[PDB]
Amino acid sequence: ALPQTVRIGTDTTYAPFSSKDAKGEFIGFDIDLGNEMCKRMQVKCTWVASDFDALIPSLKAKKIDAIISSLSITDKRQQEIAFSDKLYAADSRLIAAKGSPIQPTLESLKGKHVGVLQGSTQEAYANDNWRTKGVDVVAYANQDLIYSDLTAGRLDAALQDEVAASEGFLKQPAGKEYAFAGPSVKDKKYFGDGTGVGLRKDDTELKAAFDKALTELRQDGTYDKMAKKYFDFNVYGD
């Protein structure tokens, strides 16, 4: 008994995973994976755009049936929702102006203004570790606002998923004068293990269908065909 239409929520400000083109159509690797899985599940799927911090509330309230939005699988989130198997890996990394001395450390960042997406694992990490100790951690409604304020000089640094910053900003016109500041921030407790489809705990039939379709499209080589459209390295990690 899967729904006739599966309603999938995503936050369309995280290119190359989820964004909108000039006509307002949904585009990106998350959209490609969701649509291929819906095709293999033989269900119809509707995409619903939402701010990132409204996604798990909307899911719990049944306004959407699944979340595909670079949603990291963490211990905290598993207390509330269920996840498909891993869609791809996601590490966190700081970005700042080229030549910046900034490092992901308290000593480097105390007194700096650091942007993080509201509702993200990065906001959790930065609030506990940095905001309490005097770093000015600023939470934003979406990631595009973070990049705009960084280039405006209102932020000194921003923490987000590494590949989103790389492909969605650093390799773009707008990020030419910016770079990663230090290596990926590893913290198992905060950042979890890769991203997955977020689902209500009791929708075990829907999880089984997403997991089976994901195995099948990885198996026959469709995942790698799709990933190569955006990435030249293995995004899945393994």
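The first residue of the shown sequence is 1; numbering continues from there.
- The PDB entry reports B-factors from which the mean C-alpha value can be compared for 83 to 91 and 109 to 117; the larger average falls on 109 to 117.
- Remark: stretch with higher mean C-alpha B factor among 50 to 58 and 22 to 30 is 22 to 30.
- As recorded in the PDB entry, 175 shows the highest C-alpha B-factor of the residues 182, 175, 198, 194.
- Residues shown: 160, 166, 72, 103. Highest C-alpha temperature factor in the entry: 103.
- When the modelled residues of the chain are ordered by their C-alpha B factor, residue 148 lands in the highest third.
- Looking at the C-alpha B-factors along this chain, the one for residue 10 belongs to the lowest third.
- For residue 66, the recorded CA B-factor ranks within the lowest third of the chain. Only modelled residues enter the ranking.
- Sort the modelled residues of the chain by CA B factor and residue 38 lands in the middle third.
- Looking at the C-alpha B-factors along this chain, the one for residue 208 belongs to the middle third.
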